[PDB]
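Protein chains in written order, with the authors' numbering: chain B, 1 to 336; chain H, 1 to 336; chain F, 1 to 336; chain D, 1 to 336; chain C, 1 to 336; chain E, 1 to 336.
Inspection log for the structure reproduced underneath, given as structure tokens.
There are 6 protein chains.
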Amino acid sequence: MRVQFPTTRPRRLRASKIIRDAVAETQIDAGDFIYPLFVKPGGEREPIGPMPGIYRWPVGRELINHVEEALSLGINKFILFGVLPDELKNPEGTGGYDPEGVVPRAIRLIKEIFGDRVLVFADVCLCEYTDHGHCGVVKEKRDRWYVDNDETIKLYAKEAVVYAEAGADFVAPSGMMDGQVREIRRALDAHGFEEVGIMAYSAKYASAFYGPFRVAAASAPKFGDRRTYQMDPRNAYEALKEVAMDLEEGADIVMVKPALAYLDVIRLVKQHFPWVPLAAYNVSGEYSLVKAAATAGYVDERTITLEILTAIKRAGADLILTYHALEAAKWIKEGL
Amino acid sequence: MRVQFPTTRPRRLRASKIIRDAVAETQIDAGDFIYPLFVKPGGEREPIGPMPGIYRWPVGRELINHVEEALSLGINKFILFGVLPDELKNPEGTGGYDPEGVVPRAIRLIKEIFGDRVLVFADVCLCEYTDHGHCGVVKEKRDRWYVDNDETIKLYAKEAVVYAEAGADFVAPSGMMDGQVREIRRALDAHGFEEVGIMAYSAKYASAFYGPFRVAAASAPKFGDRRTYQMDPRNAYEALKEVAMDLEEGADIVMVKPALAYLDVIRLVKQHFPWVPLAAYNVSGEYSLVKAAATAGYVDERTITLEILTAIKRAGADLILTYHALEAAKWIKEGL
Amino acid sequence: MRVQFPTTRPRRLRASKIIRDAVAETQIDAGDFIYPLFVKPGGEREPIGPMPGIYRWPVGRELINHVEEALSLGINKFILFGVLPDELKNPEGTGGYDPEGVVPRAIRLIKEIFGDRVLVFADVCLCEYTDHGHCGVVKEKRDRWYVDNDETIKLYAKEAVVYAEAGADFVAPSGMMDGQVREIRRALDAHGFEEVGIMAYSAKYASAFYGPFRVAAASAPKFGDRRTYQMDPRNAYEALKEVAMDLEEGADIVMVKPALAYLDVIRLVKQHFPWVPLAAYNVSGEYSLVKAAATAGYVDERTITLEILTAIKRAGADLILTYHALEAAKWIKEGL
Amino acid sequence: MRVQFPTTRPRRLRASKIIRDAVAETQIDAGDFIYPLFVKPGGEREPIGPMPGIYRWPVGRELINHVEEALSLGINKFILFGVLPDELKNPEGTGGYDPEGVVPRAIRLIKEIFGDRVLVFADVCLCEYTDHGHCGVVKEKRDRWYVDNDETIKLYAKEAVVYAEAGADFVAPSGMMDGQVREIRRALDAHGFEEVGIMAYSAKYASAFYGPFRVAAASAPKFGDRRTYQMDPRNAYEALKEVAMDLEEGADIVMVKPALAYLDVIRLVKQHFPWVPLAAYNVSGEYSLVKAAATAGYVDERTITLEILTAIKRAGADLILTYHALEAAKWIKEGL
Amino acid sequence: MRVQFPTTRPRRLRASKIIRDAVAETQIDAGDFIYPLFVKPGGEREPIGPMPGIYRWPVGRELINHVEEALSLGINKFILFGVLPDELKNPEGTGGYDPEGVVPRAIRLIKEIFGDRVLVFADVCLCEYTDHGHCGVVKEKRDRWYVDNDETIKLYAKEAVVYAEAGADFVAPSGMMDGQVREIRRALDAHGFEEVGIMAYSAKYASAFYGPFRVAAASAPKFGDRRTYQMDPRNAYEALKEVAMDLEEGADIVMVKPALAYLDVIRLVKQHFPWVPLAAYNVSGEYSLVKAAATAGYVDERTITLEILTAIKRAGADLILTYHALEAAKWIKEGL
Amino acid sequence: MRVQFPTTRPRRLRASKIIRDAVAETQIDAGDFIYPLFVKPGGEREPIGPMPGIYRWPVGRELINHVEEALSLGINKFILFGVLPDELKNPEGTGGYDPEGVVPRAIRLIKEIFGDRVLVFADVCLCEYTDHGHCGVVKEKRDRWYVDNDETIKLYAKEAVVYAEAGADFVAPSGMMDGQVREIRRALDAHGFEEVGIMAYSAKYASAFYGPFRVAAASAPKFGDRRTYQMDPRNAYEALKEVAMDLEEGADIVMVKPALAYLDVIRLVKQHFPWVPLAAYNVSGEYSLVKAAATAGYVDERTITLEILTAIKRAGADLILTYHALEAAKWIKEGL
Ligand SMILES: [Zn+2]
Ligand SMILES: [Zn+2]
Ligand SMILES: [Zn+2]
Ligand SMILES: [Zn+2]
Ligand SMILES: [Zn+2]
Ligand SMILES: [Zn+2]
Ligand SMILES: [Zn+2]
Ligand SMILES: [Zn+2]
Ligand SMILES: [Zn+2]
Ligand SMILES: [Zn+2]
Ligand SMILES: [Zn+2]
Ligand SMILES: [Zn+2]
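Here it is as structure tokens:
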């Protein structure tokens, strides 16, 4: 850029909202969001401690309130999460594959009464359904403990096929187990579900930003370490290897969890794989950080959230996984 | 990445701590920090609410109280923002360019007494020193108002040369006025300050994350927004234009502000000007956001500020300005 | 690609209306449109037969009425075109820089009444304001006629500086005359208008698609050929020099006329100048093709108008000029 | 660049048709073209005034009529389409794989009467030959309706092998069914037609421009909406992955349908696959659009048809499928 | 680099140890070192002639009374080279696969007492273990003397399996035999050690900087050279292939050997494989070179060894194999 | 890089000396060497202990016989370095720019009894001729000592005009003062030496590899670091700014000193400025290191010093400055 002052004034293009908006590089809208719904196996509906305004819906008319409202705001794609009582959690997380489950009743339900007016994403992991709360089967092999890869993946394979049968449009493995997309695809495709798609949590990072979702889903270990499956957050370039394998194995969409502390990684993923669609999870504690600081007084809650989503899109995410979606979607007239 | 499962299992590199540390793309230390000091004539220490624990020191023994504390931790670079009473602000900003004003008094104090034991960056702006809260001279053309450019640039020059005359090692224009780097670098070269550097706040954005600052600086704009000179969070590639021109003008170091919600932009700049040092400002807000969540339950203050500051490095920043600085430095045992 | 069938099924993402929208690369709105107004000295709104729908509005209530229309549909960006009768046309151009002629009044009216809720681009040429209709001063040098650059350049500087006074946010030169942008920028900078912005028709081509413009503005070359000055349509890369020079000269926005038939150029410019706002002109004729073919049986109007505007976006343009502007902006019902 | 007015004047190279023709980046000719022949079983020369210009040829004595003319102008490539009545179409589409069908008899003939003096492409789709009108076999997977991917490929195999036998030099799938190239290949290879090559419509877009070729072959659809196979026109980068698969899978030439509206794609595909050849079908509508504006006076049919064909060439296209071909061919005086 | 003098004065970033360290591109700490231990069956510490200051340790109680001292300074990663009395040395090399060898003892020992507080790599080659001292197994075709690639490769497999059996975290094939990685990778997986990892001497040059190590290990060749396996020094680009092939093969870490004299290759590989963690070997007599010259008078031992270690980093290396590391690490204040 | 073992066996190309030689990316001849001569005033061939092998030749038979012998080995180009004692040194460094000095006599002589048969680079720097050993002029302004950039740089232009007049083909500035090549080519051009070229020591690192030369020449600085003018070895990319400025300023040849421990900077520099011819200085320490390692036979002095030199080629350097020039030019028969 051998443009030069004062012949060229960058500020001409910031003289007025009507112009900044014309020449703006990024744009958001409600379609870019996926809303996550927490689903518990009948009962009351429960407020969620870390996550203001977010709830754990039992699988009923709690739809009426929420999936239909969200639709009437523009949000029309959803990702579902099992949240159990400890009383049905076993060290090989049977929860995940139980057609009379939690989530597969939620899927069945929503997809019955809404049909193709919605798209349902379905989380594929054991950490919401295991005794110990890691994302897989453990092996007390005679040295030390570790979440064993090759048996834990076949559990994800079953997990998927339940939801595929129950009618979910997408399946989306968050395990960070290697070969996960491989052994799912080959499940699905063997059970005649070529129609079903896979959105891989491919570059999922070992983050403190999960604090709230651990509380809000039950998932939370008893030997407290993700670090031997979730990516080391010092590593950006590592993420390319992970997106590339998760693509040869045949995922359809790819993502980066969390987003806000990883925007640099989104743009490095997006610009080596332009042809891929790219999602990104405005995660658990990126929410409650805003909210903490919004009410405790510090930051205009409206602006700072749209600033934080415009950021995620600007980096290069095509789809964003916010718990905000709804309260962001009536945001229809932004400051930027 | 013509690479398969199960021949290469990415988790081999995740599996120890000794190894993840062995292979980690990024690392960080207290050399990388720049701690900001708030500074005032007042005579009485004065706490910033929406911080906190960051105070508005008067020019006295924040010396061999506080700068000397910061130093003992490996933190030897400081940026000064002067603050003051509405009593002594006018529309043309004088308190800035004023040999006897706050910042100069402080610069001279800190230099004469540490000396070359530390660096002293000096913010150059008029937001802390004006009547209207804005960063330049204001005018009216007809329908509307504006911050006239080339009349304020000249004021930045005076400030720059006032703080240089006092001892300043670098001058750092925060205004986003066009041309300023060059009107500073020249006015400086003229007064015999070839030896004084310029750290340009090159790509600084119209952010909602500044809230806490304006209270810390008595600098909130008393009418309207800054969206008329600070960049449009919508825009990444715009910052390659802004950084290029600042380099051509004589900027020794170039920065991205705010840092956390613009990591994509850090990396974009850095992957383009590999040969320039790149600063990043972990702002007023991404401290206040954190201390908020921290206080009110949601997150581990320690592990999430070191995820956040590490994220800033990984994207590309060589230096970080942060109000954590001191606390982050005793985090001298790497939890990742 | 390390990507094979059946493992990867590219149709998965084409499966529903809902996911196709999800992963789509491109999009549109009235925010992206620059609607032209054809403005005339006095009388009636004359219909313009080769371009059904768009009349020639007489500068006054009936116009400024029709601009509220545009504004209620989201459109807030107008490029002003002066048309006037034979009797006021002459060899060296007059009307164009007659301070209370056609377009100055139009600029003013629209600014005074709406002002900072609406952006005004003002075209800078001598086609609509000359005897011959050629876009510059015509000279004779012992061979044949030729359109003189450096004396027509000068006349633009006069035209731009007039519209500048009248209140125009932007000036936009369509003459393809060399160094035009710099003369306009130096004039404007000299007569006080550093605030005022230039949008070069940098890469305007010698197309057949302008015919119905020369019926709307009576710009018809009374003899000969634009080809002496407008770009040779065999040349894609030639337009990288045309952009690059206009950018050094001091342009702010850059465009490519026509648009539909030069989509590959739009990509080529945009991928060499990611940091520059690009625009593009869905012209005089590309509308007149969609109309004549639709009007007479051959293709659906609202799908082909939309599909064509979705192109220009996809090809690269942040802004599209179109005489489809409004009808496409009520196409909020995105049919793909 | 480093290239400046007035020292460099672009217009020196615009100032005569003798240097514009010298420095021109692009050329065209009959050699570049590929002429479609709509063929039908028994009847008169049925006119396609839904276009118009083009006719529907009765397989037999009116090759002289056409092919032998075209060839006299240097048009020596032909892609064959088939038209049948409703009495002769069924849900599996047997028009295709019937050696005394329409399209296989037209091959025998022209290959018999001309030999290697004229190359012959054959269209491999069911849309001309099914009673629904869809490009594939329709199904009803327990719930909604769809076009079965794997099953409809295996018909395209039979079609291709039938047309190989019957005499085609090349074959061309346009169903956009994933794997079409792979299976048409193995079929052809293992009936010893490794000689015979595949011109994949590998980036066919779901376009409003086909309206005419619907009324030219009776291939419009009953439960109608092609968006589940034919591409999402928001998508350019999609097309790299869609081409790059058809190359692995053994395609020979790669193409983009439509052309005019997707020139931006062409440049993208060609700059990523410089080594593969690349055609682009100038559509039924892009031809018709021009004609109906020619009807009602808005453009010079001759200029705007050479301007369009010279643009597809400009973009990257090696070959061009055009209904103009025969007009375009006898324009031997390049009017630009 | 459009930057010009005197307005840009590159010396401003060299004026102060503060600011010179601020903008420093590169950094070092013990966490980058892998220290090599020479292990012998018994007796005492033989000092090593050429490498003044390293000993051959007996697999005794100077494990800890070196390895414990290594730990303290901050060096926790070791690579284990065996050193045999050449009674136990044959043409097939049978210290390599002997479970009660030296290397297997010292693995079994160090991990017994240090556990996963220390990482342990084993060297895998047969120059320490054959009577002829070649890295593989010799043969004679119609040729003469030649190291057999495909037989010898199987012994590295047998060697590695043992070292994992004995308990090594990692394994490292230095023979430069082709395809050596998936032959070692398929043993390890096929004997359940999915968890063990491979640091691959990918680009290991045929160098004279090994003079000292040949003496420390008894690994000198009795005949011929290493040139028919180890890389030819003239070639940088050959090392991309050699790396790229070892990463398809299942490798984890990838080194260039030796280092100082092949830094241009270290940058060349790191810039083609940014996602892959790259090691490098500050090799036998890159250390004896320094150690000689320091006694000799000529050069400063401290700064020259840190300049050389900083170098191998500044290039790329994420890990350095060095015989300095211990004395290196207690340099805790920067030369540069 | 989709070669796969065992189909592709890298070792085929290492088979024999001939095939290695056949494919080798790099070569040497003595054409690439530039031999330095330390030249002293008072007649007495004085040996150099921290070399050794090199002398302080006095200007006469002894010297001119040395170069006579050089040329015979093909060493046909030299760089002259003036050594002289503590009487002829002084703060401003006069010694350097006296035309009856050593270095201007040494030139004129070689030029007399050789002329066009030989090329003579002249080093331009005050560190050989000052009281204090610094490469420029010290100023003790305030209470910090600092080498003054704009005052030393005029005295470089003197020294330069002087050697140009003695008959030097090239002039080469090694002081790393900024704007030096500019100052030197304005002076040469003014006194009418437009054909006298400049080889800048563009990117000269502050090394510990220089201690032997400090002894040879007496450049040993009496007080302090060279750190404030020499490049920090931590930085590679900083080199490109340094070269690109030296090119714009008028350089012809560009160098990177030292070489061995900066091969990586050579590749980085040479890949960005491929059209610039690049030299590299094999230094004082990279000679004396080797010599000592050889003298206490740790490593083979013939193969190491061609291995070292072949590396400086492989990296990018078209010319190498060595003291091995001759002993390495005779070594006709390759390593390697
Ligand atoms: Zn989980
Ligand atoms: Zn994975
Ligand atoms: Zn400010
Ligand atoms: Zn700026
Ligand atoms: Zn015009
Ligand atoms: Zn132009
Ligand atoms: Zn079809
Ligand atoms: Zn396909
Ligand atoms: Zn070996
Ligand atoms: Zn290998
Ligand atoms: Zn010197
Ligand atoms: Zn320099």
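No residue lacks a Cβ here, since even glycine has one placed at the ideal position from N, Cα and C.
Cα-Cα separation between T305/E and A328/E, rounded to whole angstroms: 7 Å
Buried/exposed call for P173/E, threshold 16 Cβ in 10 Å: buried
Pairwise C-alpha distance: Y97/E and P85/E: 16 Å
Proximity below 8 Å, CB of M1/H to CB of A244/B: yes
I198/H and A251/H closer than 8 Å at C-beta: yes
Cβ contact check for the stretch 48-56 of chain H and the stretch 214-227 of chain H: 3 or more pairs under 8 Å: yes
C-beta contact flag for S288/E and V290/C at 8 Å: no
Buried versus exposed call for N65/B [16 or more other C-beta atoms within 10 Å across all chains shown]: exposed
Alpha-carbon to alpha-carbon, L71/F and residue 365/F: Because chain F in this structure spans residues 1 to 336, residue 365/F falls outside the shown range and cannot be described.
Chain B residues whose Cβ lies nearer than 8 Å to that of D318/F: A22, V23, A24, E25
Per-residue burial, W275/D [other beta carbons within 10 Å of its own, 16 or more giving buried]: exposed
Short Cβ contact (8 Å threshold) for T228/D with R182/F: no
Chain F contacts made by the stretch 132-158 of chain H, where a contact means CB separation under 9 Å: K141, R142, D143, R144, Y146, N149, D150
Nearest neighbour of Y237/C, chosen from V39/E, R314/E, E87/E [CA to CA]: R314/E
Reduced DSSP category for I28/F - H, G, I as helix; E, B as strand; rest coil: coil
Beta-carbon spacing of residue 347/F, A311/F below 8 Å: For residue 347/F there is no data in the structure shown, the boundaries of chain F being 1 and 336.
Span separating the alpha-carbon of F209/D from that of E242/H: 43 Å
For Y163/C, the three-state DSSP class (helix, strand or coil): helix
Partner residues on chain F for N235/D, Cβ-Cβ distance less than 7 Å: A24, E25
Which residues DSSP lists as bridging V147/D, in chain order: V138/D
Cβ of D29/B within 8 Å of any chain H Cβ: no
Reduced DSSP category for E238/C - H, G, I as helix; E, B as strand; rest coil: helix
7 Å Cβ cut-off: residues of chain F touching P41/D: Here the premise fails: no neighbours, minimum Cβ distance about 26 Å.
Contact under 8 Å by Cβ, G95/B with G74/B: no
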